[PDB]
Amino acid sequence: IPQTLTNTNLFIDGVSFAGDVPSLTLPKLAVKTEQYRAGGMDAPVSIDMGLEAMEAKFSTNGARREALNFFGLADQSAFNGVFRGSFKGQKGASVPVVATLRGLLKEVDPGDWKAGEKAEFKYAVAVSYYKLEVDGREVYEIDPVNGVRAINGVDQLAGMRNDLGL
Amino acid sequence: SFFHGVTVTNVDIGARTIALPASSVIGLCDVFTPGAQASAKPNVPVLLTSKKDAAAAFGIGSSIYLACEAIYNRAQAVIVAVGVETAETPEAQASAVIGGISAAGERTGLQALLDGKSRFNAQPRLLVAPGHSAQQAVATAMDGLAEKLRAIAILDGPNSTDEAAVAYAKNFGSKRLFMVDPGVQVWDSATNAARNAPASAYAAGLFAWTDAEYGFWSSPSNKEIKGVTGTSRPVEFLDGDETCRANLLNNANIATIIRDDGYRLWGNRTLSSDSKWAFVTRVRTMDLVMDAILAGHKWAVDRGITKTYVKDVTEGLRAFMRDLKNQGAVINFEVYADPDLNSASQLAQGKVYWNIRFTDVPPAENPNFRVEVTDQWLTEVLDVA
Amino acid sequence: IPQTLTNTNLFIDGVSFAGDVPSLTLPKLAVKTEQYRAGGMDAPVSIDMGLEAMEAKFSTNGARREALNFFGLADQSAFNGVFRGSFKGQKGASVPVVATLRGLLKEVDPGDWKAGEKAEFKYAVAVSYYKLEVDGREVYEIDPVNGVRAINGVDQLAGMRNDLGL
Amino acid sequence: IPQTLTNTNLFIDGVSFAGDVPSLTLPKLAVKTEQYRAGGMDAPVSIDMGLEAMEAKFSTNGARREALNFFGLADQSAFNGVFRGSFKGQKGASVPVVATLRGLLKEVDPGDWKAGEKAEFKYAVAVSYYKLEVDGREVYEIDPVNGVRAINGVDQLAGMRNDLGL
Amino acid sequence: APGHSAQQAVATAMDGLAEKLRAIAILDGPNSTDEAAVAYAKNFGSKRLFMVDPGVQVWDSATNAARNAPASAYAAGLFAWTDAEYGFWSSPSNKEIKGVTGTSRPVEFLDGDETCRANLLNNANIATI
């Protein structure tokens, strides 16, 4: 049932970037693993050790102001932004995929201005909070400063929250 | 003249009181006498950051100044004082303190406290009226104002006896009203003798300090009223239910002041007919949580409604709300945009709705130490071993 | 609202290089982060630890003199220069983006002279001071030797300036 | 004012290589920097710490003898050589760029002899002395064993020469 | 028209002109009291007219004392700024009047309907500060 992504749009603070954003990138949600090899067994197995540093990145190719004006902002996690993306599907009805991500803008990379090529600024928000929804349905909600890694409702850290006494 | 050197100036400056700076502002309304030095036109809410400003603004020997000192001694907070020129009769005094619109110029009396915001951004979160509070009239005014404000109004009931205090408390049941009965007795160094204060000033001051070094959502129940000595009536407090004077006043929804020489406050409970709002912690949380929300969603109160307006706000709420959870303020929460209300009609007319159901930190109270002096561990020691 | 960069020009000391500068590059403004993982939480979060070494680079392909004559100049931060760049925008009115950057020229790389290819010198100013403006409006002003990281006016180090007692 | 490099020629010891030298490469003049981050400031700044190891390289594709016969020569800095390069300029008058560089030949790399491809020897003089001129005007003169880093006349080490007592 | 605006005559002229122009005419009602302001607002109902009651109180450095301005000037100025950095179609409702200090009468504003002085003036179709 071919889905595929058709169109994409990017918010920062309500301000739509319906225009300059030829690339989005959601934070690669990865676990930490640590290949556990130990007594009684050959071949490792790998363990949930917590997630990796979620970093998201978009790249407007316009001097956009509304984006540049969050860089290094004293209040880390002030930059909010929402990465919406419509997946078409061969049968018409498009699936809204939307990923709000309160984080810290971190860095800004304007590449080679060449007087004949889309300048293309770049950005890389060090994501703090991150909720990825599909068809208006929470699939992920990863909150580090709180410990709320919750796959569609069920909170997989509800058991470690207690043992830590949070 | 301009002296060029280093002036060694011999002058009596009696001991820095010291006070942790707070934030929660205090709407003070007391009496004083406008003299030559006390530069403060009676019904004009002035702002105060230290005792020096209090002095220059009010006669050092004024009831205003006494309350100001009673607050500062605990915490260096921002006060909004209103100098109600000393009237004669109790009726005239009460009326002059309650105030109203009266003089077409400005809102007199306690109503002057509504000018606190827009004047100095000092929207009183804690209303207080020292002494002027035994009078049921002033207290009613405090309650109404306190509602039109969302501010805990700290009353001081009839200092004399307990029967009067209880009878007085039964006249109320208004959520915001939070009473403190035992009139504190502090040793005034000036006259060199035990003064008699109305208690409400010290409660409000400590309220501010509790908001700071503990949290606005932590009760001031067991916290130490800085300064002061005994009360105007020794308050009893023991264990085992009983007729413990404290247990009595804290079953008529009144806070007392217990332990040696006015050690500390005592009573998280508040004057409320409604059991849900029994704890000041509940009320204060429910109020200041929203203060933090609005002071942050300022941007949300205008602006062309876009497709993403509803979401911008429901997420912005989930940000402030989440942060409060992180720092203890609440325990879980739930924000969304109430669908059965959000309509084309309401939206065309600007309006829109959301729910913010959450839970507040229950203040631990009444630890029940059950103890049994047995003879179980007897053989385990002594005999032979 | 497509913007994109159209034309570019490069100043060094007032002297316009209207001619040889086929590539500019503004300093990639990046923060230092340090992925903070710590007690009570899985998944890091990242912290403002100060910026990274801002280095800017242009590359005239002519033996230009006015550029070469700043290399290794005893007085680091004598090289000034202004990197102007006009963003067109589909609706005509172009947005002037201009980035003055008092810094130290650092290095000069003339590539492979091949007797049939633009020689292309290269440069890489270790930027000290750096003010990036958009539409004649300060967006960045990063000054290390002073601590003046100021996103459009508001100075995000105004709070650390006091605590350090500067 | 488009300049660009047109033709190139390479001397070793007066002997012109008007013929085999499809690539020259002047020594990339770089400073040592060392990103100085320190008290009172976020963001480094970078310091003149002296230059980097200047190495130049040409690559005749003929068994040329006159070049090969300097390799590993006991007397380091016997190999002299002058790297001339004419920059055309759209307005005719060409700018002579010439870079004498007394150095040590260091290494010689004959690549893959393939019986159907320019063999292309390679060379890489570890430059000791190096004077780059433009339009018959000294732009650089870098002399390590003496400390004479002199941008067009003015000697930027004239101040450290005294403090060292040389 | 700063000050010259309490006068019902000038305001009527402003309205007529404003129509013959399609321009938002910014009035400043009687600075004194609120009853007067409300009574004054009830005299109008003309689309273009947009009133601002509380006469701003700005600290004149020259005389070194709190001056008293008519408010309409600051409203119009901020109107212009709102047209630019936000859009001519974005309201100036919640935007910050640059310069100035307090008003000539502390304006109350809270939540819960009530007799909040702001809610009152913004139910007689008047803008406050």
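By written order: A, B, C, D and E. Residues from 1 in each chain.
Here is the rule we go by: a contact is a pair of C-beta atoms (placed from the backbone, for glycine too) under 8 Å apart; a residue touches a chain by one contact, two chains touch by 3 or more.
Asks: Need the graph distance between subunit B and subunit D over the touch network, please.
Replies: Contact-graph shortest path, subunit B to subunit D, evaluates to 3.
Asks: Select, from B-E and A-B, the pair of chains that is joined by more C-beta pairs in contact.
Replies: Most C-beta pairs in contact, of the two: B-E.
Asks: Farthest chain from subunit B, going by mean C-alpha coordinates, please.
Replies: Chain D.
Asks: In whole angstrom, how far does the Cα centroid of subunit D sit from the Cα centroid of subunit E?
Replies: Centre separation, subunit D to subunit E: 73 Å.
Asks: Using mean CA coordinates as chain centres, what's the subunit A-subunit B distance in Å?
Replies: Each chain reduced to its C-alpha mean, subunit A and subunit B end up 44 Å apart.
Asks: Mind checking the centre-to-centre distance between subunit C and subunit D? Centres are C-alpha means, answer in whole Å.
Replies: 28
Asks: Provide the C-alpha centroid distance between subunit B and subunit C, rounded to the nearest whole angstrom.
Replies: Going by mean C-alpha positions, subunit B sits 53 Å from subunit C.
Asks: Could you check subunit D for residues that touch two or more other chains and list them?
Replies: Counting only residues that touch two or more other chains, subunit D contributes none.
Asks: Where in subunit B do residues touch at least two different other chains?
Replies: If we look for residues of subunit B contacting two or more partner chains, we find 303.
Asks: Chains as vertices, touching pairs as edges: which of line, ring, star, complete or other describes this one?
Replies: Graph shape here is a line: each chain touches the next, no loop.
Asks: So which chains end up touching which?
Replies: So, checking each combination of chains, I get A-B, A-C, B-E, C-D as the touching pairs.
Asks: Sort out for me which residues of subunit E touch subunit B in the complex.
Replies: For subunit E paired with subunit B, touching residues are 32-33, 87, 89-91, 93-95, 102-103, 105-112, 114-117.
Asks: Where on subunit B does subunit E make contact in their complex?
Replies: Going through subunit B, the ones touching subunit E are 104, 106-107, 114-115, 117-119, 147-150, 294, 298-299, 301-304.
Asks: Which of the residues in subunit C come into contact with subunit A in the complex?
Replies: Residues 1-8, 21-26, 28-31, 33, 35, 37, 40-48, 51-52, 83, 85, 87, 89, 95, 97, 132, 134-135, 137, 139-140, 149, 151-152, 156-157, 159 of subunit C touch subunit A in their complex.
Asks: Which subunit A residues qualify as touching subunit B in the complex?
Replies: For this pair, the touching residues of subunit A are 11, 13-14, 16, 80, 82, 100, 102, 129, 143, 145-146.
Asks: Which bits of subunit A are touching subunit C when the two form their complex?
Replies: Subunit A residues touching subunit C: 18-20, 49-54, 61-65, 68-74, 76, 104-115, 117-119, 126, 128, 142, 144-147, 149, 157, 160, 164, 166.
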